[PDB]
Amino acid sequence: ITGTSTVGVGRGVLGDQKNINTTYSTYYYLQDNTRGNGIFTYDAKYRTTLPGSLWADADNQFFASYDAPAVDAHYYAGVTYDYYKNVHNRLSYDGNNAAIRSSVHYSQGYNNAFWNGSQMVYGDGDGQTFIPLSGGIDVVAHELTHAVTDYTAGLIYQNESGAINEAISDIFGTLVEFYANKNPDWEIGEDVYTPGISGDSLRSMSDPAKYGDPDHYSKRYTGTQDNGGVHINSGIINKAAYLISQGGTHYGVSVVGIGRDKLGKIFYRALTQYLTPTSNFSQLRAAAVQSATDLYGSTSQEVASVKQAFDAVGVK
Ligand SMILES: N[C@@H](CCCC[NH3+])C(=O)O
Ligand SMILES: [Ca+2]
Ligand SMILES: [Ca+2]
Ligand SMILES: [Ca+2]
Ligand SMILES: [Ca+2]
Ligand SMILES: [Zn+2]
């Protein structure tokens, strides 16, 4: 809507207070005019029809329990926008400041979040497996990164290419979590997963096998569930990314870590310059090697550590 930009305040899913950019026109809308062509957050009102209604609030204060998922979806969309702008010089997910739209309160008891090709969609969870998914910055950044991927490499959501797609979203979801310095870790979804159980998460990049996901190519899933294991076999790439960043010895192969910043620069370059819709793990290796070569030189430590990491997870 057309109106005057302002700043509201609310509480997110985890009970934390934050300021959010809003727009005033009779109501205060969750419409952030300060980032690209806008960040818009919608109420899906527990239905599956999208996007729903642009979130309208009478007083610019968002402390109602119903408000919490919208505050975080709106806020963390902004953070993710900031990350891509400031770190990678990318304007929104299409590189041309496309409006970012999110809908919360999608369906009833819905334990997922997704980028549907036009917008982000967040369920509220069933209260036991998940709480509202937008409360996880790595979730929001995971989904918004699918938008980046779909606009750039275009990795299809099947088989190894889909696992790369999912891994990229976990990687950048984690890099955004670190960028926001909000209890950062190499776990995915810990903030909104199983409120009854502390210390777990949906996926682990540091040790994917913690939750039965593969951490070596020899353990990759070859069946047809999950579009050929796109959320399963991502663990192989997540581990490699984790090793590039943090280093370590994995199945007897030692990796000198080069840090998060360089991991992000390498994978962003691989994503936007070298990967294609049907890239597989081996091509991801080549793309990451070439990106590190581009940025740091063929004889650099960075290239060596990328090689070592993929060697460690069995991706030749
Ligand atoms: N986003 C992943 C994991 C979430 C599972 C929620 N039931 C998937 O769709 O499989
Ligand atoms: Ca209000
Ligand atoms: Ca965390
Ligand atoms: Ca995390
Ligand atoms: Ca938990
Ligand atoms: Zn995903």
# chains A, B, ... in the order shown; residues from 1 in each chain; ligands from 1
>>> select_by_dssp(residues="region 158-290 of chain A", states="alpha helix (DSSP H)", output="ChimeraX atom specification")
/A:159-179,225-229,234-246,260-269,281-290
>>> residues_near_ligand(ligand="ligand 4", cutoff="10 Å", atoms="only C-alpha atoms and all ligand atoms", output="list in words")
residues 136, 137, 138, 139, 170, 171, 173, 174, 175, 176, 177, 178, 182, 183, 184, 185, 186, 187, 188, 189, 190, 191, 192, 201, 202, 203, 204 and 205 of chain A
>>> write_last_selection(atoms="N, CA, C and O atoms", output="mmCIF file, in the first residue's frame")
data_model
loop_
_atom_site.group_PDB
_atom_site.id
_atom_site.type_symbol
_atom_site.label_atom_id
_atom_site.label_comp_id
_atom_site.auth_asym_id
_atom_site.auth_seq_id
_atom_site.Cartn_x
_atom_site.Cartn_y
_atom_site.Cartn_z
ATOM 1 N N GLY A 136 12.689 -19.018 13.366
ATOM 2 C CA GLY A 136 14.041 -19.461 13.167
ATOM 3 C C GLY A 136 14.666 -18.659 12.048
ATOM 4 O O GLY A 136 14.212 -18.707 10.908
ATOM 5 N N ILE A 137 15.704 -17.908 12.385
ATOM 6 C CA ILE A 137 16.314 -17.098 11.355
ATOM 7 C C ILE A 137 16.942 -17.986 10.305
ATOM 8 O O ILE A 137 16.923 -17.660 9.107
ATOM 9 N N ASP A 138 17.447 -19.150 10.696
ATOM 10 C CA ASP A 138 18.014 -20.015 9.682
ATOM 11 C C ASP A 138 16.924 -20.607 8.800
ATOM 12 O O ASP A 138 17.153 -20.818 7.613
ATOM 13 N N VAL A 139 15.715 -20.807 9.331
ATOM 14 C CA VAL A 139 14.589 -21.210 8.483
ATOM 15 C C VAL A 139 14.261 -20.125 7.460
ATOM 16 O O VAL A 139 14.135 -20.387 6.251
ATOM 17 N N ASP A 170 20.586 -24.349 3.528
ATOM 18 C CA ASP A 170 21.085 -24.553 4.885
ATOM 19 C C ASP A 170 22.351 -23.760 5.118
ATOM 20 O O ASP A 170 22.513 -23.124 6.162
ATOM 21 N N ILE A 171 23.255 -23.773 4.141
ATOM 22 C CA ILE A 171 24.525 -23.070 4.271
ATOM 23 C C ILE A 171 24.287 -21.585 4.468
ATOM 24 O O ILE A 171 24.751 -20.976 5.437
ATOM 25 N N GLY A 173 21.386 -20.212 5.138
ATOM 26 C CA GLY A 173 20.588 -19.998 6.330
ATOM 27 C C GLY A 173 21.472 -19.892 7.552
ATOM 28 O O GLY A 173 21.271 -19.041 8.428
ATOM 29 N N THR A 174 22.507 -20.712 7.592
ATOM 30 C CA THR A 174 23.441 -20.667 8.705
ATOM 31 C C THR A 174 24.318 -19.427 8.631
ATOM 32 O O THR A 174 24.612 -18.807 9.652
ATOM 33 N N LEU A 175 24.775 -19.067 7.440
ATOM 34 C CA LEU A 175 25.600 -17.871 7.346
ATOM 35 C C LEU A 175 24.823 -16.649 7.765
ATOM 36 O O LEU A 175 25.386 -15.734 8.380
ATOM 37 N N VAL A 176 23.529 -16.614 7.466
ATOM 38 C CA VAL A 176 22.722 -15.491 7.924
ATOM 39 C C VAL A 176 22.556 -15.539 9.428
ATOM 40 O O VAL A 176 22.605 -14.511 10.108
ATOM 41 N N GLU A 177 22.309 -16.720 9.971
ATOM 42 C CA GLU A 177 22.247 -16.845 11.417
ATOM 43 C C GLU A 177 23.524 -16.296 12.072
ATOM 44 O O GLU A 177 23.455 -15.560 13.070
ATOM 45 N N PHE A 178 24.693 -16.576 11.482
ATOM 46 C CA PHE A 178 25.939 -16.023 12.011
ATOM 47 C C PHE A 178 26.028 -14.525 11.780
ATOM 48 O O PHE A 178 26.489 -13.776 12.649
ATOM 49 N N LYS A 182 22.879 -14.365 16.168
ATOM 50 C CA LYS A 182 21.760 -14.746 17.013
ATOM 51 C C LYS A 182 21.957 -16.210 17.384
ATOM 52 O O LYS A 182 21.460 -17.107 16.697
ATOM 53 N N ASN A 183 22.704 -16.449 18.462
ATOM 54 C CA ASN A 183 23.005 -17.795 18.938
ATOM 55 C C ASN A 183 23.439 -18.700 17.780
ATOM 56 O O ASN A 183 22.850 -19.755 17.557
ATOM 57 N N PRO A 184 24.432 -18.299 17.012
ATOM 58 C CA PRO A 184 24.685 -19.018 15.762
ATOM 59 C C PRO A 184 25.238 -20.402 16.017
ATOM 60 O O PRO A 184 25.949 -20.660 16.985
ATOM 61 N N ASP A 185 24.894 -21.307 15.130
ATOM 62 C CA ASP A 185 25.382 -22.661 15.196
ATOM 63 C C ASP A 185 25.362 -23.215 13.789
ATOM 64 O O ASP A 185 24.992 -22.521 12.840
ATOM 65 N N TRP A 186 25.769 -24.476 13.666
ATOM 66 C CA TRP A 186 25.762 -25.210 12.409
ATOM 67 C C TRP A 186 24.654 -26.254 12.401
ATOM 68 O O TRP A 186 24.776 -27.336 11.823
ATOM 69 N N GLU A 187 23.587 -25.934 13.093
ATOM 70 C CA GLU A 187 22.389 -26.735 13.175
ATOM 71 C C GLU A 187 21.298 -25.972 12.444
ATOM 72 O O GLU A 187 21.344 -24.743 12.352
ATOM 73 N N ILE A 188 20.308 -26.700 11.945
ATOM 74 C CA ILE A 188 19.205 -26.101 11.203
ATOM 75 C C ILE A 188 17.919 -26.237 12.002
ATOM 76 O O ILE A 188 17.471 -27.347 12.302
ATOM 77 N N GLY A 189 17.284 -25.106 12.290
ATOM 78 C CA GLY A 189 15.946 -25.139 12.817
ATOM 79 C C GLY A 189 15.850 -25.292 14.307
ATOM 80 O O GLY A 189 14.742 -25.426 14.820
ATOM 81 N N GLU A 190 16.972 -25.211 15.016
ATOM 82 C CA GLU A 190 16.987 -25.527 16.432
ATOM 83 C C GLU A 190 16.033 -24.638 17.214
ATOM 84 O O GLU A 190 15.473 -25.071 18.233
ATOM 85 N N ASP A 191 15.822 -23.409 16.750
ATOM 86 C CA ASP A 191 15.011 -22.451 17.471
ATOM 87 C C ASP A 191 13.522 -22.783 17.422
ATOM 88 O O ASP A 191 12.779 -22.379 18.316
ATOM 89 N N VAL A 192 13.056 -23.526 16.426
ATOM 90 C CA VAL A 192 11.621 -23.753 16.284
ATOM 91 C C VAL A 192 11.258 -25.212 16.279
ATOM 92 O O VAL A 192 10.071 -25.543 16.169
ATOM 93 N N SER A 201 17.776 -30.461 16.711
ATOM 94 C CA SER A 201 17.477 -29.623 15.562
ATOM 95 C C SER A 201 16.964 -30.536 14.477
ATOM 96 O O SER A 201 16.925 -31.761 14.627
ATOM 97 N N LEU A 202 16.580 -29.931 13.372
ATOM 98 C CA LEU A 202 16.017 -30.689 12.276
ATOM 99 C C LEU A 202 17.114 -31.378 11.484
ATOM 100 O O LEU A 202 16.966 -32.531 11.061
ATOM 101 N N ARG A 203 18.191 -30.649 11.245
ATOM 102 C CA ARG A 203 19.364 -31.137 10.554
ATOM 103 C C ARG A 203 20.584 -30.562 11.232
ATOM 104 O O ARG A 203 20.532 -29.489 11.822
ATOM 105 N N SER A 204 21.704 -31.267 11.083
ATOM 106 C CA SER A 204 22.983 -30.810 11.595
ATOM 107 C C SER A 204 23.963 -30.720 10.442
ATOM 108 O O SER A 204 24.122 -31.681 9.692
ATOM 109 N N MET A 205 24.602 -29.556 10.281
ATOM 110 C CA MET A 205 25.642 -29.469 9.274
ATOM 111 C C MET A 205 26.961 -29.979 9.828
ATOM 112 O O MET A 205 27.780 -30.512 9.078
#
>>> atom_distance(atom1="CA of residue 282 (chain A)", atom2="CA of residue 310 (chain A)")
8.9 Å
>>> closest_atom_pairs(of="chain A", to="ligand 2", cutoff="6 Å", atoms="only C-alpha atoms and all ligand atoms", output="tab-separated table")
residue	atom	partner	partner_atom_place_in_ligand_line	distance
A:57	CA	ligand 2	1 (Ca)	4.9
A:58	CA	ligand 2	1 (Ca)	5.4
A:59	CA	ligand 2	1 (Ca)	4.8
A:60	CA	ligand 2	1 (Ca)	5.4
A:61	CA	ligand 2	1 (Ca)	4.1
A:62	CA	ligand 2	1 (Ca)	4.6
>>> residues_around(residues="residue 77 (chain A)", least_positions_apart="6", cutoff="9 Å", atoms="only C-alpha atoms", output="compact mmCIF listing (two decimals) with N, CA, C and O atoms, in the first residue's frame")
# COMPACT_ATOMS: atom_id res chain seq x y z
N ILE A 39 9.46 -5.28 1.66
CA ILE A 39 9.21 -6.55 2.31
C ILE A 39 7.79 -6.48 2.82
O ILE A 39 7.42 -5.55 3.55
N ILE A 100 9.90 -8.85 -1.41
CA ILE A 100 9.92 -10.10 -0.67
C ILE A 100 8.59 -10.20 0.04
O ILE A 100 8.23 -9.31 0.81
N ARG A 101 7.85 -11.26 -0.23
CA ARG A 101 6.54 -11.46 0.37
C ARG A 101 6.56 -12.74 1.19
O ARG A 101 7.12 -13.75 0.76
N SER A 102 6.00 -12.67 2.38
CA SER A 102 5.87 -13.83 3.23
C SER A 102 4.45 -13.89 3.73
O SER A 102 3.84 -12.86 4.01
N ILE A 137 15.70 -17.91 12.38
CA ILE A 137 16.31 -17.10 11.35
C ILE A 137 16.94 -17.99 10.31
O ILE A 137 16.92 -17.66 9.11
N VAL A 140 14.03 -18.91 7.94
CA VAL A 140 13.68 -17.82 7.03
C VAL A 140 14.74 -17.68 5.96
O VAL A 140 14.45 -17.60 4.77
N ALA A 141 16.00 -17.63 6.38
CA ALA A 141 17.07 -17.48 5.42
C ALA A 141 17.20 -18.69 4.51
O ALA A 141 17.59 -18.56 3.35
N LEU A 144 14.44 -18.10 1.97
CA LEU A 144 14.69 -16.97 1.08
C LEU A 144 15.85 -17.28 0.16
O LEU A 144 15.91 -16.82 -0.98
>>> closest_atom_pairs(of="region 65-112 of chain A", to="region 149-153 of chain A", cutoff="9 Å", atoms="only C-alpha atoms", output="tab-separated table")
residue	atom	partner	partner_atom	distance
A:93	CA	A:151	CA	7.0
A:94	CA	A:151	CA	5.7
A:95	CA	A:151	CA	8.6
>>> write_last_selection(atoms="C-alpha atoms", output="short mmCIF file (atom, residue, chain, number, x, y, z; two decimals), in the first residue's frame")
data_model
loop_
_atom_site.label_atom_id
_atom_site.label_comp_id
_atom_site.auth_asym_id
_atom_site.auth_seq_id
_atom_site.Cartn_x
_atom_site.Cartn_y
_atom_site.Cartn_z
CA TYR A 93 16.58 -12.54 -4.45
CA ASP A 94 16.45 -11.59 -8.14
CA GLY A 95 19.32 -9.09 -7.86
#
>>> residues_near_ligand(ligand="ligand 6", cutoff="8 Å", atoms="only C-alpha atoms and all ligand atoms", output="number ranges by chain")
A: 114-115, 142-143, 146, 165-167, 169-170, 231
>>> closest_residue(among="A:275, A:263, A:230, A:197", to="ligand 5", atoms="only C-alpha atoms and all ligand atoms")
A:197
>>> closest_residue(among="A:195, A:268, A:254, A:159", to="residue 223 (chain A)", atoms="only C-alpha atoms")
A:159
>>> residues_around(residues="residue 45 (chain A)", least_positions_apart="4", cutoff="12 Å", atoms="only C-alpha atoms", output="PyMOL selection string")
chain A and resi 49-55+66-67+69-70+103-108+122-124
>>> closest_residue(among="A:129, A:255, A:1, A:34", to="residue 200 (chain A)", atoms="only C-alpha atoms")
A:129
>>> residues_around(residues="residue 307 (chain A)", least_positions_apart="5", cutoff="10 Å", atoms="only C-alpha atoms", output="short mmCIF file (atom, residue, chain, number, x, y, z; two decimals) with N, CA, C and O atoms, in the first residue's frame")
data_model
loop_
_atom_site.label_atom_id
_atom_site.label_comp_id
_atom_site.auth_asym_id
_atom_site.auth_seq_id
_atom_site.Cartn_x
_atom_site.Cartn_y
_atom_site.Cartn_z
N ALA A 240 30.49 -30.92 4.00
CA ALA A 240 31.62 -30.38 3.27
C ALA A 240 31.76 -28.89 3.54
O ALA A 240 32.88 -28.38 3.69
N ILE A 244 34.84 -26.93 5.20
CA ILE A 244 35.55 -25.83 4.56
C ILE A 244 35.68 -24.68 5.54
O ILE A 244 36.74 -24.04 5.67
N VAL A 255 40.94 -31.36 6.95
CA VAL A 255 40.58 -30.14 6.25
C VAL A 255 40.99 -28.97 7.13
O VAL A 255 40.59 -28.89 8.30
N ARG A 285 31.47 -29.71 -6.67
CA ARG A 285 32.87 -29.70 -6.30
C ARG A 285 33.67 -28.83 -7.26
O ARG A 285 34.42 -27.95 -6.84
N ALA A 286 33.53 -29.10 -8.56
CA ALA A 286 34.23 -28.33 -9.58
C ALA A 286 33.89 -26.85 -9.50
O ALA A 286 34.75 -25.98 -9.69
N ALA A 288 32.87 -25.18 -6.85
CA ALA A 288 33.45 -24.60 -5.65
C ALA A 288 34.96 -24.45 -5.80
O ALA A 288 35.52 -23.44 -5.39
N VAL A 289 35.61 -25.44 -6.39
CA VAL A 289 37.04 -25.33 -6.67
C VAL A 289 37.32 -24.15 -7.58
O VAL A 289 38.25 -23.36 -7.35
N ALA A 292 36.81 -20.77 -5.68
CA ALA A 292 37.95 -20.50 -4.82
C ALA A 292 39.18 -20.14 -5.65
O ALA A 292 39.96 -19.26 -5.27
N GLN A 301 45.54 -21.80 -0.13
CA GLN A 301 44.98 -22.64 0.91
C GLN A 301 43.49 -22.85 0.71
O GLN A 301 42.96 -23.92 1.02
N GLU A 302 42.79 -21.81 0.27
CA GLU A 302 41.35 -21.89 0.13
C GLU A 302 40.96 -22.96 -0.87
O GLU A 302 40.01 -23.72 -0.65
N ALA A 312 36.83 -35.39 1.78
CA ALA A 312 36.44 -35.98 3.06
C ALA A 312 35.04 -36.56 3.01
O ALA A 312 34.77 -37.55 3.70
N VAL A 315 33.10 -36.82 -2.34
CA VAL A 315 32.61 -36.25 -3.58
C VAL A 315 33.83 -35.98 -4.43
O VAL A 315 34.65 -35.10 -4.12
N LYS A 316 33.96 -36.76 -5.49
CA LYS A 316 35.06 -36.61 -6.41
C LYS A 316 34.65 -35.76 -7.61
O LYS A 316 33.49 -35.76 -8.01
#
>>> atom_distance(atom1="CA of residue 163 (chain A)", atom2="CA of residue 226 (chain A)")
10.0 Å
>>> atom_distance(atom1="CA of residue 99 (chain A)", atom2="CA of residue 37 (chain A)")
4.9 Å
